[PDB]
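Reading through the structure tokens given below for one structure.
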Amino acid sequence: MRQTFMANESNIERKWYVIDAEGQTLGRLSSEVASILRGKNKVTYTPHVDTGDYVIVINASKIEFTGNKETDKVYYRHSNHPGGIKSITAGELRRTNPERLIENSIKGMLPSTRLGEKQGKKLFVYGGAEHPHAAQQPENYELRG
Amino acid sequence: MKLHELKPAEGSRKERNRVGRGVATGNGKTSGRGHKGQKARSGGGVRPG
Amino acid sequence: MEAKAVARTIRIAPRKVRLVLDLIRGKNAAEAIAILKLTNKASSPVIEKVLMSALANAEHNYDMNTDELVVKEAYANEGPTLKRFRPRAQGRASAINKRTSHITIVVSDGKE
Amino acid sequence: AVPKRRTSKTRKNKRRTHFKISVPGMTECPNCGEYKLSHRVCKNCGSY
Amino acid sequence: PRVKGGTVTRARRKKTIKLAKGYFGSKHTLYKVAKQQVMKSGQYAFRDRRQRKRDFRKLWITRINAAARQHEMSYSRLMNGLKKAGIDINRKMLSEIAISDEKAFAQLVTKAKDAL
Amino acid sequence: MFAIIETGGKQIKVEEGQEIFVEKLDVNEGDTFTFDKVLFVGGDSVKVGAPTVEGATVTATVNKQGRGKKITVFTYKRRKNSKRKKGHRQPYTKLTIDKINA
RNA sequence: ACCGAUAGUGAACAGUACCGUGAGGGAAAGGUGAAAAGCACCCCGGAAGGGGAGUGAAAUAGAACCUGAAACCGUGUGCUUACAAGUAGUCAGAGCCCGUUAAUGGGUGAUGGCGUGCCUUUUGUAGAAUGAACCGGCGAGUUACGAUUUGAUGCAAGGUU
RNA sequence: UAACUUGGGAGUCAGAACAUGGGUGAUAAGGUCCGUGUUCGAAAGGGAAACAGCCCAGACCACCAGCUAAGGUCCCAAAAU
RNA sequence: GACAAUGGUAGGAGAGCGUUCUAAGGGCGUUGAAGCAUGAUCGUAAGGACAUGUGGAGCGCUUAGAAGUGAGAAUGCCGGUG
Ligand SMILES: [Mg+2]
């Protein structure tokens with residue numbers, strides 16, 4: 001007897017959250033956020049529809065590293081031109097454009113499908129303590145760890 | 001017996017094997033001959049003795 | 001109602017006829033006659049004669065008013081091919097296909 | 001030099017997307033006669 | 001007497017053609033490629049009737065895990081406790097309950113907690 | 001209202017007046033069957049089976065002993081000359097739940 | 001208990017087209033209808049072709065004439081597609097459109113999982129090893145006479161011509 | 001729970017990697033020649049990213065049931081942040 | 001009924017499906033045979049029906065017999081078409 005609930009687009013209700021990346025470790029914040037961008041923390045989780053919530057990371061210039069990672073955590077970016085390999089350390093990438101640091105770390109934990117691409121478009125990283133989306137009325141989340 | 005109800009004695013008749021007629025018979029492609037050599041050729045046996 | 005006309009075994013290739021025939025599909029008859037007089041492909045006069053024949057059938061056999069008629073369908077089918085040869089270098093021959101076409105036009109007034 | 005694979009129906013028909021001809025200019029001969037090609041003269045079959 | 005091939009070849013080939021309805025391009029038109037594709041699809045169907053049973057069990061466990069974290073348990077300990085309590089409900093039923101009836105699932109969780 | 005029964009080699013969640021399909025049973029059309037393995041009763045008063053609820057039957061009427069849609073089982077090995085093909089229709093029985101006796 | 005138009009003669013209409021200086025080699029090509037009753041006359045068109053009218057049981061039987069498959073070429077539409085990386089399917093699955101040899105129906109497919117054609121030959125082939133453009137027809141353990149072994153049947157110290 | 005004897009019918013005589021006892025080579029080779037096991041050949045399924053020969057295991061057919069092996073439990077990706 | 005077995009290449013053994021023809025029996029057909037086309041049908045497989053359209057004169061079924069008895073591959077042969 002086949003009786004398993006599947007979610008539709010007329011079933012799903014996505015809500016908004018705010019994470020504070022202040023005094024947190026990159027990666028350890030990123031995996032917990034990645035699990036929320038997908039509906040993994042929900043019953044009614046269905047794998048062929050998008051059933052996750054929106055996230056906002058606010059401070060994101062206060063993120064932390066543990067080792068000597070800030071001087072040798074190069075990133076490496078090729079450009080498809082002969083000898084066109086480029087480079088930047090993790091330390092200088094959070095000094096300039098800290099938003100691309102966290103965004104890229106979280107998107108690397110999502111599947112590379114047509115649905116993973118759409119799920120990663122709910123991220124909204126900012127540097128500093130304020131964000132524009134007051135009209136969506138987001139709550140705080142308080143990472144589990 | 002009637003001429004429309006003939007039956008042979010049980011065990012007396014039998015159908016002949018036809019070789020080289022598809023894979024499910026068990027005697028399809030190579031027809032029971034194995035692979036290459038003198039014995040797989042047409043008229044290929046060696047002399048008795 | 002509908003009136004049709006066919007021209008069978010025209011000695012132009014169908015790929016060349018269809019190219020002009022895609023210009024008049026779904027237009028009223030007067031505009032289609034105008035278009036066929038100003039296009040300068042080889043198949044314009046032949047298609048024009050087929051269209052004229054259909055318009056005359058629509059009026060003599062079915063008593064339709066030719067002032068309000070549209071070209072409902074226009075298409076070209078393949079006919080039988082004539083097979084020929086051309087001598088090439090070093091004693092070799094190559095094939096040549098002289099292709100033909102069947103051309104059909106049907107006009108209607110849009111009512112019943 | 002020679003094609004490695006044959007060309008399917010769908011690829012052949014995609015290539016012929018732009019292979020078409022367009023409708024001509026076609027202004028109308030006002031005083032007398034039917035349509036003519038624009039900027040042209042039709043001494044017969046047209047007053048213009 | 002002579003037996004000419006007649007009408008058996010066409011009928012046999014047309015069955016396989018009809019089994020390839022909906023395939024792309026010449027894979028629904030020509031006998032040779034159609035036959036190859038129908039063979040491959042029979043092999044795929046055999047293999048997938050057995051992967052279905054792994055996929056759905058994997059989905060139920062995800063849903064139960066999500067439902068148990070809302071009562072401060074993980075799937076691991078919840079199943080351990082339910083076994084020590086003697087409860088024998090499927091993973092498939094345990095996740096339909098958690099979806100439709102939240103109070104019943106809460107009562108299951110309390111018994112699983114008391115058996116530890 | 002809500003009951004979990006165990007039939008065949010599996011478990012089903014049922015309610016009053018619902019149709020279900022199970023592995024073949026030994027009954028005739030029109031008869032009445034009684035499921036006596038009940039693991040959980042929900043709704044207003046929740047009763048959780050030890051595994052079993054100790055009482056708690058569910059009664060149902062039988063409709064249509066039948067056999068399912070035709071499956072074709074086909075497999076083959078690549079360059080060996082080996083394949084086989086066979087069909088299968090799985091039998092089932094259909095019932096309508098008429099009373100949940102908690 | 002021979003063939004039935006790729007068969008049977010090479011040849012159902014030919015030692016002819018055609019090829020070769022010559023000796024010589026050597027094809028393809030059957031079927032309107034019971035009866036020609038084989039489309040008077042009108043219309044568009046230089047004609048060819050066509051639309052009506054008529055003959056006929058039937059003209060999508062009109063001489064390229066019984067039936068009329070597939071490859072291949074078009075016209076019209078129900079569902080779908082312009083941020084996407086593919087052996088083209090398969091399993092899961094919304095939405096939209098329909099309604100059958102009536103049964104836990106049919107068409108399409110947003111999105112997710114898994115997934116390197118077939119044959120031959122090899123220790124081992126997705127193989128950058130071989131073969132096939134596609135569709136149709138044709139195309140490979142047979143028969144005679146001996147030998148041996150097994151099953152069946154008749155008679156039996158005999159059996160058989 | 002096999003073995004042997006008599007008769008009918010075969011195919012095979014290009015083998016490969018891994019572990020271990022040895023020759024040859026240079027205590028070289030995905031080398032080559034023997035002894036002893038296993039797997040491939042002729043074996044799908046799970047693991048080793050992918051990966052005939054390594055580790056776990058031998059597919060009669062249904063199922064949207066359950067327990068385990070090797071290997072695993074932050075996210076990709078099932079299970080201990 | 002209890003118990004057990006059921007991956008497989010060279011290869012051995014068994015049981016069957018379908019095609020053309022013959023014999024005997026029993027049938028169908030201008031109120032429409034064979035062939036062809038479509039369908040959501042039946043059987044463990046090879047395969048068998050039924051309904052509708054086209055077609056216009058032949059064809060199944062049962063038991064037995066006899067074979068030019070089954071094609072996807074041969075840089076296969078012939079024709080047609082890309
Ligand atoms: Mg086309």
Side-chain angles (χ1 to χ4, degrees), chain A residues 1-4 6 8-9 27-28 30-32 34-35 47-49 108-111 113-115 117 144-145, chain B residues 2-12 14 18-22 24 26 30-32 34-35, chain C residues 3-9 14 18 49 52-53 55-57 60-61 73 75-78 80, chain D residues 6, chain E residues 1-10 23-24 27 29-33 35-37 40-41 44-45 47-49 51-53 55-58 61-62 65 74-76 90 92, chain F residues 8-11 21 23 66 68 71 73 77 79-82 85-88 90 92 94:
Chain A
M1 185 89 181
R2 278 152 92 107
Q3 45 193 14
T4 298
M6 311 302 286
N8 306 325
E9 61 90 20
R28 293 194 183 254
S30 299
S31 62
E32 194 144 337
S35 84
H48 63 95
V49 302
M109 309 189 187
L110 293 178
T113 52
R114 304 194 197 201
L115 186 65
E117 296 292 327
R144 267 49 149 179
Chain B
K2 313 297 299 158
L3 218 54
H4 45 281
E5 293 161 358
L6 306 163
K7 317 282 306 189
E10 196 274 320
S12 66
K14 193 174 177 69
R18 315 213 319 291
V19 84
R21 284 306 184 282
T30 44
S31 305
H35 283 103
Chain C
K4 71 182 298 204
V6 188
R8 283 178 82 251
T9 64
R18 285 166 186 147
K49 283 221 191 188
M52 290 283 112
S53 194
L55 291 182
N57 293 342
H60 177 90
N61 298 329
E73 314 196 51
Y75 54 84
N77 288 327
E78 299 166 351
Chain D
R6 75 183 201 168
Chain E
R2 193 180 178 245
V3 182
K4 70 187 289 184
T7 78
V8 292
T9 310
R10 176 164 46 235
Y23 294 2
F24 176 82
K27 270 172 190 194
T29 312
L30 318 171
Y31 170 70
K32 279 166 206 190
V33 285
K35 167 178 166 183
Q36 293 179 195
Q37 194 57 67
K40 181 77 84 171
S41 86
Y44 284 148
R47 173 207 70 186
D48 283 337
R49 280 191 298 268
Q51 279 175 336
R52 200 161 50 206
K53 302 153 172 69
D55 290 339
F56 269 92
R57 168 146 165 151
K58 183 183 66 179
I61 289 169
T62 300
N65 208 0
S74 51
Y75 169 94
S76 176
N90 261 355
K92 173 185 181 176
Chain F
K10 44 190 82 85
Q11 299 168 18
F21 297 79
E23 305 269 10
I71 294 168
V73 190
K77 300 274 184 179
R79 292 165 287 265
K80 332 291 173 249
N81 281 96
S82 183
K85 182 189 186 187
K86 50 190 298 185
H88 179 85
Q90 178 73 8
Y92 69 91
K94 177 161 87 155

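These numbers come from the heavy atoms of this one structure, side chains and all, not from hydrogens, waters or symmetry mates. Chain identifiers are assigned alphabetically (A, B, ...) following the order of the sequence lines, protein sequences preceding nucleic acid strands; residue numbering begins at 1 within each chain.
- Look at the P atom in both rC73(G) and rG68(G): the space between them is 24 Å, to the nearest Å.
- With its ring centre under 5.5 Å from that of the base six-membered ring and a plane angle below 30°, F56(E) counts as stacked on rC64(H).
- Of the candidates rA64(I), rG50(G), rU90(G), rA64(I) carries the atom nearest the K7(B) side chain, counting heavy atoms from C-beta on.
- Of the side-chain N and O atoms in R8(C), one or more sit less than 4.0 angstrom from OP1 or OP2 of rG50(G).
- Residue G6(E) is out of contact with every strand shown, counting any heavy-atom pair closer than 4.0 Å.
- For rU120(G), one of the phosphate oxygens OP1 or OP2 lies less than 4.0 angstrom from a side-chain nitrogen or oxygen of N81(F).
- Taking 4.0 angstrom as the limit, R79(F) places a side-chain polar atom (N or O) nearer than this to OP1 or OP2 of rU125(G).
- In summary, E23(F) and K10(F) engage in a salt bridge, as defined by a charged side-chain N under 4.0 Å from a carboxylate O.
- For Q36(E) and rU87(G), the shortest distance from a side-chain N or O to OP1 or OP2 is not below 4.0 Å.
- Between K32(E) and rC135(G) there is a side-chain polar atom (N or O) within less than 4.0 angstrom of OP1 or OP2.
- OP1 or OP2 of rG66(H) lies within a sub-4.0 Å distance of a side-chain N or O belonging to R57(E).
- Across all strands shown, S30(A) has no heavy atoms under 4.0 Å from either base or sugar-phosphate atoms.
- In this structure, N8(A) does not reach the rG93(G) phosphate: none of its side-chain N or O atoms is under 4.0 Å from OP1 or OP2.
- A 3.5 Å limit on both hydrogen-bonding distances identifies no Watson-Crick or G-U partner for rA62(H).
- Between the side-chain ring of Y31(E) and the base of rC135(G), no stacking contact exists by the 5.5 Å and 30° definition.
- Going from the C1' atom of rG41(H) to that of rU12(H) covers 13 Å, rounded to whole Å.
- Shown here, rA62(H) is classed syn by the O4'-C1'-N9-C4 or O4'-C1'-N1-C2 angle, which is within 90° of 0.
- A sub-4.0 Å separation between OP1 or OP2 of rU9(I) and a side-chain N or O of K77(F) is absent.
- Distances shorter than 4.0 Å separate some side-chain N or O of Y23(E) from OP1 or OP2 on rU90(G).
- Remark: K14(B) is not in phosphate contact with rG151(G), judged by side-chain N or O atoms under 4.0 Å from OP1 or OP2.
- The side chain of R52(E) places an N or O atom within less than 4.0 Å of a non-bridging phosphate oxygen (OP1 or OP2) of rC64(H).
- One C1' atom belongs to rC119(G), the other to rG46(H), and the distance between them is 32 Å to the nearest Å.
- Searching all strands for a Watson-Crick or G-U wobble partner of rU39(H) with both distances below 3.5 Å returns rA16(H).
- In this strand, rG10(G) stacks on its neighbour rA11(G), with six-membered ring centres under 5.5 Å apart and planes inclined by less than 30°.
- Look at the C1' atom in both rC135(G) and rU39(H): the space between them is 47 Å, to the nearest Å.
- Nearest-nucleotide positions on RNA chain G for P111(A) and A9(B) put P111(A) closer to the 5' end.
- Taking side-chain N and O atoms only, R2(E) has no distance below 4.0 Å to OP1 or OP2 of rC2(G).
- Here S74(E) reaches the OP1 or OP2 of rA80(H): one of its side-chain N or O atoms lies under 4.0 Å away.
- Take the nearest nucleotide of RNA chain G for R2(A) and for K49(C): the residue whose nucleotide is more 5' is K49(C).
- Residue contacts shown for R49(E) are limited to sugar-phosphate atoms, with no base heavy atom under 4.0 Å away.
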